[PDB]
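Enquirer: The data below comprise the sequence and an experimental structure of the protein.
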Amino acid sequence: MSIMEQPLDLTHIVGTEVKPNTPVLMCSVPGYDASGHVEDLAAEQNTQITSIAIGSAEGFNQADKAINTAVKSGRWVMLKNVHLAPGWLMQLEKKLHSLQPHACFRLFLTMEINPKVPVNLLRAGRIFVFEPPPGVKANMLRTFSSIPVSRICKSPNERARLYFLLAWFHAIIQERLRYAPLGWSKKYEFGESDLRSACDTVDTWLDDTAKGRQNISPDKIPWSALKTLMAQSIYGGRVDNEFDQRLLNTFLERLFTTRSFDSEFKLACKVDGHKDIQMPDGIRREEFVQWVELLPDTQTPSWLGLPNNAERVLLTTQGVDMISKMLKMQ
Amino acid sequence: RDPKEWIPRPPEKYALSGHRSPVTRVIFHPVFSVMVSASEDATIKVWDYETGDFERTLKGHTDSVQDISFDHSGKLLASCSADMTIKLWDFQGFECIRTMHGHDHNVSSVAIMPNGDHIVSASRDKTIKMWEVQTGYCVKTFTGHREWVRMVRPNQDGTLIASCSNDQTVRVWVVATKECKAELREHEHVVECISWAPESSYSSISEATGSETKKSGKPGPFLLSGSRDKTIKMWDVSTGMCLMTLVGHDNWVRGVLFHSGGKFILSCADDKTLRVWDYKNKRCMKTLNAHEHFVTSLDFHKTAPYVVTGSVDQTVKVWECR
Amino acid sequence: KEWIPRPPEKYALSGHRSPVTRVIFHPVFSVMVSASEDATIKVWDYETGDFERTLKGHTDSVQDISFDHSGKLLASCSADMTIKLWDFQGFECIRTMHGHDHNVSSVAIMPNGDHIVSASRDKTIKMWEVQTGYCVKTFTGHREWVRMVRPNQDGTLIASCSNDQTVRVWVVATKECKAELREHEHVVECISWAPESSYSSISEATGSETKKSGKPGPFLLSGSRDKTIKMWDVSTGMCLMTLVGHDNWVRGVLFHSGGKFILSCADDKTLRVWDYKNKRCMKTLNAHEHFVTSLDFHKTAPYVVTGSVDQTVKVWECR
Amino acid sequence: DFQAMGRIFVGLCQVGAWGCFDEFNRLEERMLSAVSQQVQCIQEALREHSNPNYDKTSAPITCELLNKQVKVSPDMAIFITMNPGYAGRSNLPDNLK
Amino acid sequence: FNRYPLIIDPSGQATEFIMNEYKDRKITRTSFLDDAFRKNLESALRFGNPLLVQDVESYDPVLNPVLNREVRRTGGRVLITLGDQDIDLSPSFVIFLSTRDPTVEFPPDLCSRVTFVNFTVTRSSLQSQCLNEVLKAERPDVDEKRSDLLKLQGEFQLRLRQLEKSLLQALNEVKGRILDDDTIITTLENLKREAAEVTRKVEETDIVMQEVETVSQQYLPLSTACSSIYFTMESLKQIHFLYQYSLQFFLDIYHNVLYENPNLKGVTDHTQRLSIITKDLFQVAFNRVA
Amino acid sequence: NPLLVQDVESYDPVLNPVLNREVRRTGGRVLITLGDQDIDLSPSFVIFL
Amino acid sequence: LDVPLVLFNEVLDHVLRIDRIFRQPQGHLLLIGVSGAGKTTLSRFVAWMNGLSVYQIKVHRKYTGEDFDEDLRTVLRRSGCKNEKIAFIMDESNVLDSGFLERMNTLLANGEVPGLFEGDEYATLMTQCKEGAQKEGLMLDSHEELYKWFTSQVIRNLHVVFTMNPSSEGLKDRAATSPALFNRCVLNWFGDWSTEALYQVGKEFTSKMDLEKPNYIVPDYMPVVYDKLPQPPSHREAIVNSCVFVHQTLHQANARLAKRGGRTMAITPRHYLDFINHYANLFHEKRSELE
Amino acid sequence: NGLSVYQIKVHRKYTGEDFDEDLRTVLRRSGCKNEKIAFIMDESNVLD
Ligand SMILES: Nc1ncnc2c1ncn2[C@@H]1O[C@H](COP(=O)(O)OP(=O)(O)O)[C@@H](O)[C@H]1O
């Protein structure tokens, strides 16, 4: 089961394991979208793709024309939010069955996990589920895989450490959502857009403070600017509670500081009572991703700063649900 | 041989005669140097227009074949016949891959949309239907004509289809929304043939008609409609006005089209002659005694300097242009 | 051009209930016409091998059929002592010429398309008008049954082959036998002349010397039951070459449309195609399980058809 | 609907005016999804307008709105004002959010 | 069937079977989604041609008199009132309704008007298919031999049945008594001798089929595991509506683990290859499903 | 269905297209327009007055 | 209609009930029962007996409200202007919209739809009504009394037959969506074929088959399914009882399959008819082949 | 000549009102729709 802890490899699956006649259904839980992943996949595979948002009659017209053109020209087609048109989804599934498209043709149907999606379309295509990554390790691996290597490795050597700290902060914040009353006060929409905005803020302010210099002093990094922005606009924008804002500020002052560049900095304290998470001493992307891969498989809410018993009831409930699921389809 | 000025000349190149019945229509292969002719003996013979050598016959229709057309790639041939059926031919293997029924009477025209994914046809039941190429399913039925619809022809981008009928009117439809954009009614008799104006002739038409340049930049689609009152009329689809009337045929006009260079109008009629019209001066330049009987259709090759005319005398002729 | 039939066949057309006597090609249409011994003439489509129709106006066995230059009429002869003119648009008999006593063997229409020539057992050749139907002049001189008669490319010269060992060439104008040839070992049965595409090809094949005018002159071909095919000169009357190698009786001879090879059938149950310029291509092709009766070569299409006694007509590709 | 949003967006882009769309979740979910495409095209046109290599002497930046090429002024902006607490209001698609 | 059948086949094999059975009768395949469905239906009714109609979930109520056989006999003709016009119903007409959705619901009247024929996949059929696939992938010579033997056994049983029927017919058709005409004795001797060599061919093909069965016993657990895995896949829809997996998905998984397996590059031992195939089958099934 | 019609002295002028055989071929083999309805004529039909 | 029908007591009672209403003014039927039970066939047969003209709307995929309105105009013009007795047999599956139910409610209750005829249609209807009144012998000139006469003629002539399956929630919904469907219509509960009806159908259909076994031994514990089965049953009676048990077995099988959560297809009397037809054909074929 | 042929269908019940209706149809077609009509009628069609 270790293969599913790694980020999804869309390139290989799309290239080999998916036939052109089979649509790529990409279901996502609310708060997640697969449009960006496919756009990035088309960008790296230098393949032209047509993206159409379903919901209008002329939208269906452009969808039909794009599919008709792409089945012959071998291009890619995106149809987002197809769960809003179940009848048109059935018509599209019927159309796709009697079709002999080009070898390089691919159809991506971006929808959320909704019970109104036709069963025949689900059986016709290959389903991919996008959802919060299971662990902090998996979340940080996904964050490092999504960000391009050339983006992290810029002229300042401290950019990699800032990106690693931002990835750890994103993993900690997003994983605390699994415990709705304890981790936060409500299910906030901390997603990929916030991470991209934070990365852009890091890049902009690091470029502003460092005029192309190879190295910068840790105290010259605009810690106040990044902390204030990520507490007010990027991550604090969705927060509507004063105590949730206080928790976010506490995390920001704990992580984004000049002490984070020290060798003995502690990302987490007393996770198992004795051992604590230690700040990696690397200065490049490769060292940080190796450290992320070397994280222990065992994970507890004490990694997020929560009490270790915060997941006991949740784990018991999931065990009971697993037993019920196994008993239901014997 | 000016690359956009050649006109056919009275010395014919070849006079191919293999049909047992009057030739209905003749077309050119868009890619290969091959020519296809349909006749009333339920056969679709295929000729080579460089060497004038018969190649093969495409049979399978029960009754007389009335129209044939190619897609943009030339890989598919769509033919309609009097047996109410439309057949799609795989021109690579020369086999009928799909037979489409649904018209209630004789089908007198057929055409493949420029996108190549749909087939439009007109029949005697006063309807125009649209068929999918992949599935063969009828998806639309353009109704509104009061009589036998003789021809249907899409424009360059495929958004508009024009049709002519025995009701003495020419109608322009919108493919996307099925509405009748315009109903061109000025002919005094039944309209036989229609043809769209290529984009290369828009400036020539605008300057010949004296039409002032529109601020949009598009002069608007122009349509021609040969009819049985021995006249050819050029229309402006956007405004619905007849730009000019071409007079000079001695009988019913059977075919009309532009020179690929967009400088002349080529038309054939039942007066046994093929005429070249100078719409710049609204006069006829050259008249060719094409055949010994009625001339049913003509085609003009897009690039090569060659004109083909079918006729009721069961002979298909190829004309060198100089 | 260099077309040569191949051992594989395309269709084996079997609709006749009596041995097939002659098969011809329509001049313009993709139509094959076969005449058999059941007093019926059948029409086929050689491209797809589909039976089209039958012409059952004749009483006795139909012997020979011939089209005109336009292919608009079909002249047929039979053993019932009559010649029937068929209108190919309506496929109905339109004129039945009588006389010309006893079994009529051959019939042909000159390229003029106004007169017809026929041969029979009564040792004479008659000349008919297609428009009216009156025998205006009767040709005499053959002392036995005349088998086949063939005109020229412009309706002036006629040769007739007969059991009397003579292949004698005749003229429309003066009605005189300009050339008389009696030199075959046994009975001559089939004749066919040379198209203009092969006049030049004879010069290097035989070494014949051109006359003052420079034209090689009309040529003659005649197959005889002595298993020999011999190609002659009409202008002079001397032998040019003898083709030997047919196992049994020869039945039909003609020239390739390109005028380069010799293609003929015989009662040897096989179709043999021969080269005369260089004696190179000696292909022997089994065609029918029983005796082979007649054959024809398409002017432009790469098709050849053979008629046999085994009740069948076969179509061969040319390659 | 989609057409009205497209026409309003064309007007805003040509004028260069800020568009504050209050109660934006009162639209249908399908209409919001469709409008996301126009919003994304406008945002991309604005983004390519801001790169240093662009020169005002060259062709003006245009975006595809309602099957037409419409000039996008750098001064325009799109703002949506919403109250997600009301039950029955539409949920914006993720690509729009 | 009495009522016109309605075929349910997600795999589409039954549709091809129907088209092959009625190919000689010029069967026409159409659909309810086609606008011109009326014209094909009328042509089939008039000319008595077999008709196969797909997408029955969009059933056209115009077929109600046809399905109900609401015919009106008058003057030797059988009239069916399709819509507003009368049509001479040829006795050779037959219509088959088909669909690819096993989970589609039908109104009770449609259920009453048709004979439901459900083409569901079974454990034995799936086991046989997987065993044949693995034999073809790993022992192509054995698979070819098995196919040849099945063809020969079919032909031999056909010959034996024909010989028995002909012998009975000949003994029934004698106009008198057997030894009166020697041709009867000739025919009986010929039929008996032919039965003799055909039977001998039966035993030899039987022993070769026995050795084929013995060599194929090693791959039976793999086929059983394949059937169990697929039927676990099919039952995954009970815990979540999104877990809809078709047979083609499992067939693709099996093809990938058989032919596109990177762990079979240098392995030649049959037992090692089978163990690797089983392990990677489980691994790939989990990887693709989850 | 061969038909016999008596009392021809009260002839109904509706058989005029039928009596004159004013049919058109193609598009359904034999087509007869009895009044305003395009009836397909059966070749086995025959009427006696 | 050339379709064979087997007659039992329930069919006679049902045709009598239908014939009673068809002879009453403004008599509408509400036939409720499983599909294939013969509701439409019995209604058509009774309408033919009483001279009524059976009218059914030819619904299709593209059928819409305007087509329903034009069909209603046609049937009302025939019933009122032409004085034609019409049995308007309409099924639940023919209702593609609530507008259909609104129009039907108004027509059953008042006998006329106020907004159905307008413009040119209204003038044509009025001219036809004047012609009909002249034919009947009444002198009417103004439009109001002409419309009143048309409404009276429609009430006297038009009969509407409603057929639908016994759905409890559907019945409750229709009790409010179409109030006149339960007040202006006589509700007849045909239901499914009972055990007695199935037994009679089996006995009548399998009468031609031999099914005779003189040495048949009656079991001590006879699985009696039909209550009125004779105590010393014969072989034929046992066979028909087995057929009835088979039908009930399918009913129970679908009940269990729906209970577990599976998808079920309803068994109709047409299934029983197919079963008995297959039994007869197989019996004849096997007997012939064996002999 | 492109004219549309119109022939009135008479029968035993053909009376004056039917001829008036046919005349109205012909006049409407030839005057309101600008349709050229060749109104062919025979003396046998003149019943009154
Ligand atoms: N009493 C009966 N005997 C034999 N067949 C019957 C009987 N009643 C109905 N049927 C069958 O039912 C079919 C018609 O059903 P129909 O009356 O339309 O169903 P519904 O009652 O749902 O409208 C006919 O084809 C007929 O074979």
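Expert: Okay, I see it. Numbers count the residues shown, from 1 in each chain, chains lettered A, B, ... in the order given.
Enquirer: all helices in the chain, in order from the N-terminus.
Expert: No chain in the question, so chain A it is. A:10-12, A:35-44, A:57-73, A:86-97, A:119-124, A:136-146, A:149-152, A:159-175, A:180-183, A:192-209, A:223-229, A:242-255, A:285-293, A:312-328 (DSSP state H).
Enquirer: that's the wrong chain, I meant chain G
Expert: Under DSSP H, chain G gives helices at G:9-22, G:39-49, G:65-76, G:98-110, G:120-136, G:143-157, G:168-177, G:180-183, G:195-205, G:235-260, G:269-290.
Enquirer: Chain E now?
Expert: Applying DSSP H to chain E gives helices spanning E:13-21, E:37-47, E:64-68, E:108-113, E:123-138, E:140-172, E:182-216, E:220-234, E:247-259, E:270-289.
Enquirer: buried set for the first one?
Expert: So that's helix E:13-21. Neighbour-count burial for helix E:13-21 flags E:14, E:15, E:18 (criterion: 16 or more other CB atoms under 10 Å in any protein chain shown). Placement of C-beta: from N, CA and C, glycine included.
Enquirer: Name the nearest residue to residue A:306, sequence neighbours excluded.
Expert: Excluding the flanking residues, the one nearest residue A:306 by CB to CB, 6 or more residues apart in numbering or on different chains is residue A:182, at 5.8 Å.
Enquirer: Return the residues in contact with the closest residue to the ligand within chain D.
Expert: Proximity of chain D to the ligand (CB to the nearest ligand atom) peaks at residue D:30, 38.6 Å away. If you count contacts by CB atoms under 8 Å, 6 or more residues apart in numbering or on different chains, residue D:30 has them with A:54, A:55, A:56, A:81, A:84, A:85.
Enquirer: same question, residue A:185
Expert: Each residue near residue A:185 by CB under 8 Å, 6+ apart is listed here: A:241, A:243, A:244.
Enquirer: Out of those, the closest to residue C:33 would be?
Expert: Of all these, residue A:244 has the smallest distance to residue C:33: 98.3 Å, by CB to CB.
Enquirer: and the closest one, what does it touch?
Expert: A:184, A:185, A:188.
Enquirer: can the residues you listed go into TSV with extra columns for distance to residue E:59?
Expert: TSV is the format used below for the contacts of residue A:244 (distance: CB to CB, whole Å):
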residue	distance to residue E:59
A:184	52
A:185	53
A:188	49
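Enquirer: now, among those, which is nearest to residue G:55?
Expert: Using CB to CB, the contacts of residue A:244 come closest to residue G:55 at residue A:188, 63.4 Å.
Enquirer: Leaving out the residues flanking it, which one is nearest to the closest one?
Expert: Ranked by CB to CB, 6+ apart and with sequence neighbours excluded, the top spatial neighbour of residue A:188 is residue A:238, at 5.1 Å.
Enquirer: can you list contacts of stretch E:237-245?
Expert: With CB under 8 Å, 6+ apart as the contact definition, stretch E:237-245 has outside contacts at A:27, A:113, A:115, A:117, A:119, A:122-123, A:127, A:129, A:325, A:328-329, E:233-234, E:236, E:289.
Enquirer: what's the closest non-adjacent residue to residue B:296?
Expert: Nearest in space to residue B:296, with sequence neighbours left out and distances taken as CB to CB, 6+ apart, is residue B:310 at 4.9 Å.
Enquirer: follow-up on the earlier one: now for the contacts of residue D:30, which pair is the farthest apart?
Expert: A:56 and A:81 (11.1 Å).
Enquirer: what's the neighbour count on the closest residue in space to residue G:239 that isn't next to it in sequence?
Expert: Excluding the flanking residues, the one nearest residue G:239 by CB to CB, 6+ apart is residue G:211, at 5.5 Å. The tally of other residues near residue G:211 (other CB atoms under 10 Å in any protein chain shown) stands at 16.
Enquirer: Could I get the contacting residues of residue G:211?
Expert: Contact analysis of residue G:211 by CB under 8 Å, 6+ apart lists G:235, G:236, G:239.
Enquirer: Between residue A:56 and residue A:81, which is the more surrounded one?
Expert: residue A:81 (27 against 23).
Enquirer: Which positions in the stretch 151-290 of chain E make contact with chain B?
Expert: Listed as neighbours of chain B in the stretch 151-290 of chain E under the rule CB under 8 Å from any CB of the partner chain: no residues.
Enquirer: For chain D, which of the helices of chain E is the nearest?
Expert: Among those, the nearest to chain D by CB to the nearest CB is helix E:270-289 (25.1 Å).
Enquirer: May I have the closest one exported as PDB, CA atoms only?
Expert: Extracted C-alpha coordinates of helix E:270-289, given in PDB (Å, rounded to 0.1, in the frame of the first residue of the first chain):
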ATOM      1  CA  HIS E 270       6.800 -21.200 -15.800                       C
ATOM      2  CA  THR E 271       6.300 -21.600 -12.000                       C
ATOM      3  CA  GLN E 272       8.200 -18.400 -11.300                       C
ATOM      4  CA  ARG E 273       6.300 -16.500 -14.000                       C
ATOM      5  CA  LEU E 274       3.000 -17.700 -12.600                       C
ATOM      6  CA  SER E 275       3.900 -16.600  -9.100                       C
ATOM      7  CA  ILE E 276       5.100 -13.200 -10.400                       C
ATOM      8  CA  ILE E 277       1.900 -12.900 -12.400                       C
ATOM      9  CA  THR E 278      -0.300 -13.600  -9.300                       C
ATOM     10  CA  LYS E 279       1.600 -11.200  -7.100                       C
ATOM     11  CA  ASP E 280       1.600  -8.400  -9.600                       C
ATOM     12  CA  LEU E 281      -2.100  -9.100 -10.400                       C
ATOM     13  CA  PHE E 282      -3.000  -8.400  -6.800                       C
ATOM     14  CA  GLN E 283      -0.700  -5.400  -6.700                       C
ATOM     15  CA  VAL E 284      -1.900  -3.900 -10.000                       C
ATOM     16  CA  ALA E 285      -5.600  -4.500  -9.100                       C
ATOM     17  CA  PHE E 286      -5.100  -2.600  -5.800                       C
ATOM     18  CA  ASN E 287      -3.100   0.100  -7.500                       C
ATOM     19  CA  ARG E 288      -5.700   0.800 -10.200                       C
ATOM     20  CA  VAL E 289      -8.800   0.300  -8.100                       C
END
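Enquirer: what about it and chain A, any contact?
Expert: Yes: counting by CB under 8 Å from any CB, chain A has neighbours in helix E:270-289: E:286, E:287, E:288.
Enquirer: any idea how far chain G is from the residue nearest to the first one when sequence neighbours are not counted?
Expert: Read it as residue E:286. Residue nearest to residue E:286 in three dimensions, not counting chain neighbours: residue A:1, with 7.4 Å by CB to CB, 6+ apart. Distance from residue A:1 to chain G, counting by CB to the nearest CB, to the nearest Å: 30 Å.
Enquirer: same check, this time on residue E:224
Expert: Taken as CB to the nearest CB, the span from residue E:224 to chain G is 25 Å.
Enquirer: Which residues lie in contact with that residue in this structure?
Expert: So residue E:224 contacts residue E:127 (CB under 8 Å, 6+ apart).
Enquirer: just residue A:160 next, same as before
Expert: Applying CB under 8 Å, 6+ apart to residue A:160 gives the contacts A:152, A:153, A:282, A:283, A:284, A:285, A:288.
Enquirer: can you do 6 Å?
Expert: A:152, A:284, A:285 (CB atoms under 6 Å, 6 or more residues apart in numbering or on different chains).
Enquirer: Drop anything exposed from the residues you listed.
Expert: Among the contacts of residue A:160, the ones that count as buried by 16+ other CB under 10 Å are A:152, A:285.
Enquirer: How many residues are close by the closest residue to chain D within the stretch 1-150 of chain B?
Expert: For the stretch 1-150 of chain B, the residue closest to chain D is residue B:115, as judged by CB to the nearest CB, at 16.3 Å. Neighbourhood size, residue B:115 [other CB under 10 Å]: 17.
Enquirer: That concludes my questions; thank you for your assistance.
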